[PDB]
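**Student:** First the structure, which I've put down as C-alpha cells, then a few questions once you've had a look.
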Amino acid sequence: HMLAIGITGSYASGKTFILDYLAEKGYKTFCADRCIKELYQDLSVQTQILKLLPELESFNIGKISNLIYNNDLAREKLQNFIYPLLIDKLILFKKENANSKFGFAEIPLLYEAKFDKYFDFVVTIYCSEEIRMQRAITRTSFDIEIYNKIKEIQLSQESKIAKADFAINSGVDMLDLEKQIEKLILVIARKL
C-alpha cells in the first residue's frame, strides 16, 4: 500500500512550497489546509459547526479564524470536530492512490499534535525565525496578532525535528530547497 509521508513545519517554513513542488513533479499530494476549506463548503459541516460554536452567529471563515485565534476553547472544539473528517479524507487519498508506492500530505498548522504517529514517515521543514517572519510579512494575510498567537500555539521547531524522520532546511534559496526535496525523494525511494 501507499506509504504516506507527512510534511510538517512551523508557519511560513515553506510547507506549501514543498507540496506545490512535489505536485508539479507529478507526485500524489494531499493539501490538508485546502481540504479543510473544502470541508467548510459542505452545508452539513457548516451547520454542525454553527451548532457547536453558536457565538459565530453565521458561518463565515473570517469569523471562524478570528474566534479560534482569540479563544482556545473554541479552537479545541473546532479541531476535535474537523480532525476525524480530515482523517476520512486522508484515508480516501490513500485508497485512490494505492498503486503509488508513496505520496505526501501536508500536516496543517496547529494539527501537528493530532497527527502524531499518523504517517509512515514524517518530514519537517525548518528555518530561522527571522526568515519565517520575513516570509510572513510578504504574504497578504499578515496579521501580527495572529502571527504571535501562532508562535505561541505551534510546537517548537526542535520538537518537530525530534519527531521527524527527515529534516529539510528551507532557509536557503529556493533552488537549493528544490535540490533537498529531490534528495528526500531518493531517500524515501530507498526505504522501499
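Quick note on naming: the chains in the C-alpha cells go A, B, ... in the order shown, residues restart at 1 in each chain, and ligands are numbered from 1 in order of appearance.
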Can you pull out every residue within 12 Å of residue A:54, counting only C-alpha atoms, but drop anything in the same chain fewer than 5 positions away, and send it as a PyMOL selection string?
**Tutor:** chain A and resi 46-49+59-60+63-64+67+74+77-78
**Student:** Dump C-alpha atoms for the selected residues as a JSON list (two decimals), in the first residue's frame?
**Tutor:**
[["chain", "number", "residue", "atom", "x", "y", "z"],
["A", 46, "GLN", "CA", -21.27, 24.31, 8.33],
["A", 47, "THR", "CA", -24.47, 23.52, 10.18],
["A", 48, "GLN", "CA", -22.74, 21.28, 12.74],
["A", 49, "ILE", "CA", -20.03, 23.90, 13.34],
["A", 59, "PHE", "CA", -20.84, 30.56, 9.06],
["A", 60, "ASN", "CA", -18.04, 32.81, 7.89],
["A", 63, "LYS", "CA", -15.25, 34.94, 11.85],
["A", 64, "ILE", "CA", -14.06, 31.37, 12.46],
["A", 67, "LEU", "CA", -12.71, 33.17, 17.06],
["A", 74, "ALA", "CA", -13.32, 27.29, 20.58],
["A", 77, "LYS", "CA", -13.82, 22.32, 19.79],
["A", 78, "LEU", "CA", -13.32, 23.03, 16.11]]
**Student:** Within 10 Å of stretch 175-178 of chain A, counting only C-alpha atoms, which residues qualify if same-chain residues fewer than 2 places away don't, as a ChimeraX atom specification?
**Tutor:** /A:14,17-18,21-22,125,168-173,180-184
**Student:** At a cut-off of 12 Å, using only C-alpha atoms, what residues contact residue A:100? Leave out same-chain residues fewer than 2 positions from it and give the result as an MDAnalysis selection string.
**Tutor:** chainID A and resid 1:4 26:29 93:98 102:104 189 192
**Student:** Residues as selected, N, CA, C and O atoms, written as a PDB file, in the first residue's frame, can you do that?
**Tutor:**
ATOM      1  N   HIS A   1       0.834  -1.198   0.000  1.00  0.00           N
ATOM      2  CA  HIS A   1       0.000   0.000   0.000  1.00  0.00           C
ATOM      3  C   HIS A   1       0.872   1.253   0.000  1.00  0.00           C
ATOM      4  O   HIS A   1       2.065   1.174   0.286  1.00  0.00           O
ATOM      5  N   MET A   2       0.260   2.401  -0.296  1.00  0.00           N
ATOM      6  CA  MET A   2       0.999   3.648  -0.426  1.00  0.00           C
ATOM      7  C   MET A   2       1.565   4.072   0.925  1.00  0.00           C
ATOM      8  O   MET A   2       0.833   4.175   1.915  1.00  0.00           O
ATOM      9  N   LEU A   3       2.872   4.300   0.970  1.00  0.00           N
ATOM     10  CA  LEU A   3       3.452   4.929   2.148  1.00  0.00           C
ATOM     11  C   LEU A   3       3.062   6.401   2.169  1.00  0.00           C
ATOM     12  O   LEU A   3       3.185   7.104   1.164  1.00  0.00           O
ATOM     13  N   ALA A   4       2.541   6.854   3.299  1.00  0.00           N
ATOM     14  CA  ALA A   4       2.099   8.235   3.443  1.00  0.00           C
ATOM     15  C   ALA A   4       3.181   9.007   4.180  1.00  0.00           C
ATOM     16  O   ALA A   4       3.550   8.647   5.301  1.00  0.00           O
ATOM     17  N   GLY A  26       4.517  15.660 -10.297  1.00  0.00           N
ATOM     18  CA  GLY A  26       3.628  14.534 -10.527  1.00  0.00           C
ATOM     19  C   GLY A  26       3.437  13.594  -9.370  1.00  0.00           C
ATOM     20  O   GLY A  26       2.803  12.543  -9.552  1.00  0.00           O
ATOM     21  N   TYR A  27       3.976  13.909  -8.198  1.00  0.00           N
ATOM     22  CA  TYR A  27       3.723  13.095  -7.015  1.00  0.00           C
ATOM     23  C   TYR A  27       2.321  13.347  -6.479  1.00  0.00           C
ATOM     24  O   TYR A  27       1.732  14.416  -6.683  1.00  0.00           O
ATOM     25  N   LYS A  28       1.771  12.326  -5.818  1.00  0.00           N
ATOM     26  CA  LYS A  28       0.446  12.441  -5.202  1.00  0.00           C
ATOM     27  C   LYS A  28       0.579  13.245  -3.927  1.00  0.00           C
ATOM     28  O   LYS A  28       1.425  12.947  -3.078  1.00  0.00           O
ATOM     29  N   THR A  29      -0.243  14.279  -3.813  1.00  0.00           N
ATOM     30  CA  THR A  29      -0.181  15.192  -2.686  1.00  0.00           C
ATOM     31  C   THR A  29      -1.564  15.433  -2.104  1.00  0.00           C
ATOM     32  O   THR A  29      -2.568  15.497  -2.824  1.00  0.00           O
ATOM     33  N   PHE A  93      -7.664   9.387   0.209  1.00  0.00           N
ATOM     34  CA  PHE A  93      -6.482   9.729  -0.565  1.00  0.00           C
ATOM     35  C   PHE A  93      -5.562   8.524  -0.682  1.00  0.00           C
ATOM     36  O   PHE A  93      -5.088   8.184  -1.775  1.00  0.00           O
ATOM     37  N   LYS A  94      -5.328   7.838   0.431  1.00  0.00           N
ATOM     38  CA  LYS A  94      -4.509   6.633   0.369  1.00  0.00           C
ATOM     39  C   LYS A  94      -5.144   5.573  -0.532  1.00  0.00           C
ATOM     40  O   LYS A  94      -4.449   4.888  -1.300  1.00  0.00           O
ATOM     41  N   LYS A  95      -6.468   5.397  -0.425  1.00  0.00           N
ATOM     42  CA  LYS A  95      -7.149   4.373  -1.217  1.00  0.00           C
ATOM     43  C   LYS A  95      -7.051   4.657  -2.714  1.00  0.00           C
ATOM     44  O   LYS A  95      -6.764   3.753  -3.515  1.00  0.00           O
ATOM     45  N   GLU A  96      -7.334   5.890  -3.122  1.00  0.00           N
ATOM     46  CA  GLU A  96      -7.301   6.205  -4.543  1.00  0.00           C
ATOM     47  C   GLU A  96      -5.893   6.130  -5.104  1.00  0.00           C
ATOM     48  O   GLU A  96      -5.717   5.985  -6.320  1.00  0.00           O
ATOM     49  N   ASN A  97      -4.884   6.201  -4.247  1.00  0.00           N
ATOM     50  CA  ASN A  97      -3.508   6.193  -4.703  1.00  0.00           C
ATOM     51  C   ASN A  97      -2.772   4.911  -4.330  1.00  0.00           C
ATOM     52  O   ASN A  97      -1.553   4.910  -4.184  1.00  0.00           O
ATOM     53  N   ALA A  98      -3.504   3.795  -4.246  1.00  0.00           N
ATOM     54  CA  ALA A  98      -2.926   2.535  -3.787  1.00  0.00           C
ATOM     55  C   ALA A  98      -1.861   1.985  -4.721  1.00  0.00           C
ATOM     56  O   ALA A  98      -1.006   1.213  -4.276  1.00  0.00           O
ATOM     57  N   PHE A 102       4.479   5.735  -2.757  1.00  0.00           N
ATOM     58  CA  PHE A 102       4.377   6.715  -1.688  1.00  0.00           C
ATOM     59  C   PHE A 102       3.663   7.953  -2.195  1.00  0.00           C
ATOM     60  O   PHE A 102       3.591   8.203  -3.404  1.00  0.00           O
ATOM     61  N   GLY A 103       3.177   8.743  -1.235  1.00  0.00           N
ATOM     62  CA  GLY A 103       2.555  10.023  -1.502  1.00  0.00           C
ATOM     63  C   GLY A 103       2.743  10.907  -0.290  1.00  0.00           C
ATOM     64  O   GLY A 103       3.145  10.438   0.776  1.00  0.00           O
ATOM     65  N   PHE A 104       2.396  12.183  -0.440  1.00  0.00           N
ATOM     66  CA  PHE A 104       2.756  13.209   0.540  1.00  0.00           C
ATOM     67  C   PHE A 104       1.522  13.940   1.030  1.00  0.00           C
ATOM     68  O   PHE A 104       0.625  14.274   0.239  1.00  0.00           O
ATOM     69  N   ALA A 189      12.649   6.589  -1.605  1.00  0.00           N
ATOM     70  CA  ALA A 189      12.626   5.505  -2.581  1.00  0.00           C
ATOM     71  C   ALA A 189      13.519   4.345  -2.159  1.00  0.00           C
ATOM     72  O   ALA A 189      13.217   3.184  -2.464  1.00  0.00           O
ATOM     73  N   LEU A 192      11.952   1.751   0.356  1.00  0.00           N
ATOM     74  CA  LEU A 192      11.018   0.757  -0.169  1.00  0.00           C
ATOM     75  C   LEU A 192      11.640  -0.634  -0.248  1.00  0.00           C
ATOM     76  O   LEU A 192      10.948  -1.616  -0.527  1.00  0.00           O
TER      77      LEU A 192
END
**Student:** So which one's closest to residue A:117, A:150, A:164, A:185, A:92? Using only C-alpha atoms, please.
**Tutor:**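 Residue with the minimum atom-to-atom distance to residue A:117: A:164.
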**Student:** Mind giving me the straight-line distance from atom CA of residue A:35 to atom CA of residue A:89 in Å, one decimal?
**Tutor:**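 Between atom CA of residue A:35 and atom CA of residue A:89 the gap works out to 7.9 Å.
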**Student:** Quick one, how far is atom CA of residue A:82 from atom CA of residue A:105?
**Tutor:** 16.3 Å
